[PDB]
>>> print(open('input-v3.cif').read())   # mmCIF, C-alpha atoms and all ligand atoms
data_input
loop_
_atom_site.label_atom_id
_atom_site.label_comp_id
_atom_site.auth_asym_id
_atom_site.auth_seq_id
_atom_site.Cartn_x
_atom_site.Cartn_y
_atom_site.Cartn_z
CA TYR A 1 9.01 -18.36 27.81
CA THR A 2 10.07 -21.83 28.92
CA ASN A 3 10.44 -23.81 25.69
CA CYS A 4 10.98 -20.44 24.23
CA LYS A 5 9.24 -20.28 20.87
CA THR A 6 9.97 -18.04 17.92
CA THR A 7 8.04 -17.02 14.85
CA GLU A 8 8.57 -19.23 11.83
CA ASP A 9 10.44 -16.60 9.83
CA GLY A 10 12.50 -16.32 12.93
CA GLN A 11 12.79 -12.67 13.77
CA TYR A 12 10.85 -12.57 17.04
CA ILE A 13 10.38 -14.54 20.26
CA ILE A 14 6.70 -15.07 20.91
CA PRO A 15 5.78 -16.39 24.35
CA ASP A 16 4.88 -20.03 24.31
CA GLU A 17 1.21 -19.36 24.93
CA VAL A 18 0.67 -17.63 21.58
CA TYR A 19 0.98 -18.62 17.94
CA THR A 20 1.31 -16.36 14.92
CA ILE A 21 0.07 -16.50 11.34
CA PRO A 22 1.95 -14.05 9.15
CA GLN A 23 0.70 -11.77 6.36
CA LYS A 24 0.16 -8.28 5.04
CA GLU A 25 0.75 -5.00 3.30
CA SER A 26 -1.39 -2.16 1.99
CA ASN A 27 -1.09 1.52 1.23
CA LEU A 28 -2.60 4.16 -1.02
CA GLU A 29 -1.48 7.58 -2.20
CA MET A 30 -3.70 10.24 -3.72
CA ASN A 31 -3.54 13.97 -4.34
CA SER A 32 -5.20 16.72 -6.35
CA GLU A 33 -4.46 20.09 -7.93
CA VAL A 34 -6.14 23.38 -8.82
CA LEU A 35 -4.84 26.49 -10.62
CA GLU A 36 -6.15 29.76 -12.06
CA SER A 37 -5.03 32.94 -13.83
CA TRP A 38 -6.79 36.11 -15.03
CA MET A 39 -5.95 39.33 -16.93
CA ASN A 40 -7.43 42.59 -18.28
CA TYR A 41 -6.67 45.64 -20.43
CA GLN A 42 -7.44 49.29 -21.15
CA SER A 43 -9.07 52.14 -23.12
CA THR A 44 -8.06 55.53 -24.57
CA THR A 45 -9.45 58.70 -26.16
CA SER A 46 -7.88 61.85 -27.61
CA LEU A 47 -9.02 64.92 -29.57
CA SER A 48 -6.74 67.71 -30.88
CA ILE A 49 -8.82 70.46 -32.45
CA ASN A 50 -8.77 73.92 -33.81
CA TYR B 1 -7.89 26.31 -14.89
CA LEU B 2 -5.55 23.36 -14.30
CA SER B 3 -6.44 20.42 -12.07
CA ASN B 4 -4.40 17.26 -11.67
CA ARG B 5 -5.82 14.39 -9.66
CA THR B 6 -3.62 11.38 -8.90
CA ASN B 7 -4.48 8.17 -7.10
CA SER B 8 -2.42 5.14 -6.18
CA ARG B 9 -3.14 1.96 -4.27
CA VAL B 10 -0.78 -0.94 -3.79
CA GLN B 11 -2.15 -3.91 -1.92
CA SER B 12 0.41 -6.64 -1.39
CA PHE B 13 0.28 -9.80 0.68
CA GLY B 14 2.77 -10.72 1.38
CA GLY B 15 6.36 -9.85 0.70
CA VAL B 16 8.75 -7.23 2.02
CA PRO B 17 6.97 -4.19 3.51
CA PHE B 18 6.02 -2.26 0.41
CA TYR B 19 7.04 1.31 -0.31
CA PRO B 20 6.40 3.43 -3.40
CA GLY B 21 9.88 3.74 -4.81
CA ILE B 22 10.39 -0.03 -4.75
CA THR B 23 11.25 -1.76 -7.97
CA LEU B 24 9.07 -4.51 -9.30
CA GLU B 25 12.13 -6.70 -8.67
CA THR B 26 13.53 -6.10 -5.18
CA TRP B 27 10.02 -7.05 -4.18
CA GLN B 28 10.53 -10.46 -5.75
CA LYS B 29 14.09 -11.17 -4.67
CA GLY B 30 12.99 -10.29 -1.15
CA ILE B 31 10.32 -12.97 -1.08
CA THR B 32 12.64 -15.64 0.34
CA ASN B 33 10.66 -15.98 3.50
CA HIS B 34 7.66 -13.65 3.92
CA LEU B 35 5.43 -16.22 2.28
CA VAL B 36 1.71 -16.10 2.87
CA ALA B 37 -1.12 -18.55 2.37
CA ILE B 38 -2.68 -17.18 -0.80
CA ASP B 39 -5.11 -20.08 -1.17
CA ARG B 40 -6.27 -22.86 1.09
CA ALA B 41 -8.57 -25.86 1.23
CA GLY B 42 -9.55 -28.23 3.99
CA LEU B 43 -12.30 -30.39 5.43
CA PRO B 44 -15.03 -29.95 8.03
CA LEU B 45 -13.53 -30.79 11.38
CA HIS B 46 -16.27 -33.27 12.24
CA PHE B 47 -14.65 -35.38 9.54
CA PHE B 48 -11.48 -35.56 11.63
CA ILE B 49 -13.29 -36.89 14.72
CA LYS B 50 -13.06 -40.59 13.94
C1 LIG C 101 0.28 17.65 -13.20
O1 LIG C 101 0.28 19.00 -13.58
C2 LIG C 101 1.45 19.35 -14.33
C3 LIG C 101 1.45 20.85 -14.47
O2 LIG C 101 1.73 21.48 -13.23
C4 LIG C 101 1.43 18.61 -15.65
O3 LIG C 101 2.61 18.93 -16.39
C5 LIG C 101 1.37 17.11 -15.40
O4 LIG C 101 1.19 16.41 -16.62
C6 LIG C 101 0.23 16.76 -14.44
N1 LIG C 101 0.27 15.35 -14.08
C7 LIG C 101 1.28 14.77 -13.42
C8 LIG C 101 1.13 13.31 -13.15
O5 LIG C 101 2.27 15.40 -13.06
#
>>> encode(input="input-v3.cif", output="structure tokens", more="lines below")
Ligand SMILES: *[C@@H]1O[C@H](CO)[C@@H](O)[C@H](O)[C@H]1NC(C)=O
Amino acid sequence: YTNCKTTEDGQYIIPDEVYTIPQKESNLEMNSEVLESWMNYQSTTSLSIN
Amino acid sequence: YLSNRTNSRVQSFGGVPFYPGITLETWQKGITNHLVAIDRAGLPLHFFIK
């Protein structure tokens, strides 16, 4: 770290045997969904006789 | 039978480390440094050996 370097956008101190070339970003979100619902019903009889 | 399906994919190079809730602005204003070579052109190095 003799002639102690620093990255161009100075926010680090690289050692003087390395050089940097700055770039990036990347991300990706994704999601899914699934629902359901069911029902039913009834029946009836009746007879009143005589 | 409900089914959402969401995707998302940012791919930035290069500004401030991206994050979903970021405005389309604070990205820009934060580009002061964080510049990146988006395009480049040069010569074959044998040309420079003269
Ligand atoms: C997701 O499903 C909900 C119902 O739960 C629906 O209102 C909405 O439009 C769907 N899409 C998004 C992006 O929320």
>>> interface_residues(input="input-v3.cif", of="chain B", to="chain A", cutoff="10 Å", atoms="only C-alpha atoms", output="list in words")
residues 1, 2, 3, 4, 5, 6, 7, 8, 9, 10, 11, 12, 13, 14, 15, 16, 17, 18, 19, 20, 32, 33, 34, 35, 36, 37 and 38 of chain B
>>> residues_around(input="input-v3.cif", residues="residue A:1", least_positions_apart="6", cutoff="9 Å", atoms="all atoms listed in the file", output="ChimeraX atom specification")
/A:13-17
>>> write_last_selection(input="input-v3.cif", atoms="C-alpha atoms", output="PDB file, in the coordinates of the input")
ATOM      1  CA  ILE A  13      10.380 -14.540  20.260  1.00  0.00           C
ATOM      2  CA  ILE A  14       6.700 -15.070  20.910  1.00  0.00           C
ATOM      3  CA  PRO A  15       5.780 -16.390  24.350  1.00  0.00           C
ATOM      4  CA  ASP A  16       4.880 -20.030  24.310  1.00  0.00           C
ATOM      5  CA  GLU A  17       1.210 -19.360  24.930  1.00  0.00           C
TER       6      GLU A  17
END
>>> axis_aligned_box(input="input-v3.cif", around="ligand LIG 101 (chain C)", padding_each_side="8 Å", output="JSON")
{"center_x": 1.4, "center_y": 17.4, "center_z": -14.8, "size_x": 18.4, "size_y": 24.2, "size_z": 19.6}
>>> atom_distance(input="input-v3.cif", atom1="atom CA of residue B:46", atom2="atom CA of residue A:19")
23.3 Å
>>> atom_distance(input="input-v3.cif", atom1="atom CA of residue B:25", atom2="atom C7 of ligand LIG 101 (chain C)")
24.5 Å
>>> atom_distance(input="input-v3.cif", atom1="atom CA of residue A:11", atom2="atom CA of residue B:41")
28.1 Å
>>> decode(input="input-v3.cif", residues="stretch 14-42 of chain B", atoms="C-alpha atoms", output="mmCIF file, in the first residue's frame")
data_model
loop_
_atom_site.group_PDB
_atom_site.id
_atom_site.type_symbol
_atom_site.label_atom_id
_atom_site.label_comp_id
_atom_site.auth_asym_id
_atom_site.auth_seq_id
_atom_site.Cartn_x
_atom_site.Cartn_y
_atom_site.Cartn_z
ATOM 1 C CA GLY B 14 -24.640 1.795 -13.619
ATOM 2 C CA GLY B 15 -25.972 4.188 -11.050
ATOM 3 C CA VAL B 16 -26.816 3.932 -7.370
ATOM 4 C CA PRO B 17 -27.499 0.338 -6.236
ATOM 5 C CA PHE B 18 -31.035 -0.186 -7.446
ATOM 6 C CA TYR B 19 -33.948 -1.154 -5.228
ATOM 7 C CA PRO B 20 -37.625 -1.562 -6.116
ATOM 8 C CA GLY B 21 -39.150 1.356 -4.283
ATOM 9 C CA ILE B 22 -36.722 3.803 -5.884
ATOM 10 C CA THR B 23 -38.136 6.691 -7.840
ATOM 11 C CA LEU B 24 -37.232 7.179 -11.450
ATOM 12 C CA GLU B 25 -35.565 10.368 -10.183
ATOM 13 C CA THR B 26 -33.387 9.658 -7.145
ATOM 14 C CA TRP B 27 -31.764 7.234 -9.537
ATOM 15 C CA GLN B 28 -30.814 10.144 -11.773
ATOM 16 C CA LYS B 29 -29.783 12.691 -9.168
ATOM 17 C CA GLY B 30 -27.576 9.989 -7.674
ATOM 18 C CA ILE B 31 -25.612 9.517 -10.880
ATOM 19 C CA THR B 32 -22.986 12.131 -9.971
ATOM 20 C CA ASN B 33 -20.215 9.613 -9.914
ATOM 21 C CA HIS B 34 -21.173 5.968 -10.525
ATOM 22 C CA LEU B 35 -20.614 6.444 -14.228
ATOM 23 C CA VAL B 36 -19.970 3.437 -16.419
ATOM 24 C CA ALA B 37 -18.573 2.953 -19.895
ATOM 25 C CA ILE B 38 -21.763 2.326 -21.845
ATOM 26 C CA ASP B 39 -20.016 2.338 -25.216
ATOM 27 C CA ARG B 40 -16.420 2.141 -26.333
ATOM 28 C CA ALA B 41 -14.224 2.096 -29.407
ATOM 29 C CA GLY B 42 -10.523 1.602 -29.931
#
